[PDB]
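One chain follows as structure tokens, the form deposited in one PDB entry.
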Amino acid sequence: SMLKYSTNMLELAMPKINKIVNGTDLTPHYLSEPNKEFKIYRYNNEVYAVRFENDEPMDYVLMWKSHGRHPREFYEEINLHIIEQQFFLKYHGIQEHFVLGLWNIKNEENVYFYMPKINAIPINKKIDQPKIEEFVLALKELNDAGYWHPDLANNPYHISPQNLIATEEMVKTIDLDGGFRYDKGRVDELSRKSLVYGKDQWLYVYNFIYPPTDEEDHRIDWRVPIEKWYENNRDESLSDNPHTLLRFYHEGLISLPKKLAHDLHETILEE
């Protein structure tokens, strides 16, 4: 009985990676036959990417919970980028804040991007503020790396509140059609602008939620001072100019997450 209880706990302590790779193999839906670095499995209604090296499973990441003429290889290269994004986020400790899908390439005549679904509720400013701050800082970490959400805050004048949700543990963002955006090297003005907006995306989300107010308690149109500064500092983001970010903050023109203001000040203190 203590015996039987020790036998149950032992079965449960089996390393999870071994259980995952004996699940349903979904790899042909997302990667082609001769690829040998990743396999994709569904284990107990959850879909995982597993990294391999010489037939041995090395690492795994949980991607989601289950319920225009390009070649298939074009989309498979994107999927390999997304899978590497998942592991990159895991070892930055922020992967759980993002619900990312993949291009389904099973049928060459019906290639489609699966946007994973979730059981979750909309966020609420008063109740969820600690989780909101935690998510916004995770998004800034992603933005700092040069990646951004394609439909959350395209610029200071755009917001998609429906793509933020809360579970009972945390706030996540969803519905990234085609995955993260990033710099592809184009030099037209719109791409130059989008790069700046992508670096500062987290700031737009935060000030949408917690907009600053003036001496009369009216909402400040924080978008105007920011857009004016972008105009006079082309190809420059506030996130890459922390001293300017903090000056806007202390003038009351933008809000910042408490921990970010703390950390930026402590860094400047020690330099």
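Just so we're on the same page, rigid core means the largest C-alpha set that superposes within 1.5 Å between forms. In case it trips you up, residue 1 is the first one in the sequence shown, and so on.
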### Message
In terms of residues present in the deposited sequence but not modelled, what lies between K36 and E37: none, 1 to 3, 4 to 9, or 10 or more?
### Response
none
### Query
Should the higher mean CA B-factor in the entry be assigned to 260 to 268 or to 2 to 10?
2 to 10
#### Entry: 56 to 64 versus 27 to 35 - which carries the larger mean C-alpha B factor in the record
27 to 35
## Note on the structure
Listed options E141, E73, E134, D200: highest C-alpha B factor recorded at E73
### Query
Highest Cα B-factor in the PDB entry belongs to which of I83, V171, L152, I127?
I127
### Message
Among the modelled residues of this chain, does the Cα B factor of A166 put it in the lowest, middle or highest third?
### Response
middle
### Query
C-alpha B factor of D183, ranked within the chain: lowest, middle or highest third?
middle
#### Entry: Assigned third (lowest, middle, highest) for the C-alpha B factor of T244
middle
## Note on the structure
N79: CA temperature factor from the record, placed by chain third, in the lowest
### Query
Sorting the chain's CA B-factors, does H158 end up in the lowest, middle or highest third?
lowest
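One more form of this protein, deposited in another entry, exists but is not displayed; see below.
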### Task
Could you check which of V50, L246, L238, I209 shows a C-alpha shift of 2 Å or more between the shown form and the other one after a rigid core superposition?
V50
### Message
At a 2 Å cut-off on C-alpha positions, does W103 qualify as shifted between the shown form and the other one after fitting the rigid core?
### Response
yes
### Query
On a core-based superposition, does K36 travel 2 Å or more at its Cα between the shown form and the other one?
yes
### Task
Establish whether a shift of 2 Å or more occurs at the C-alpha of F113 between the shown form and the other one, with the two forms superposed on the rigid core.
yes
### Message
So the CA-CA distance for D183 and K36 moves by at least 3 angstroms in the other form. Closer or farther than here?
### Response
closer
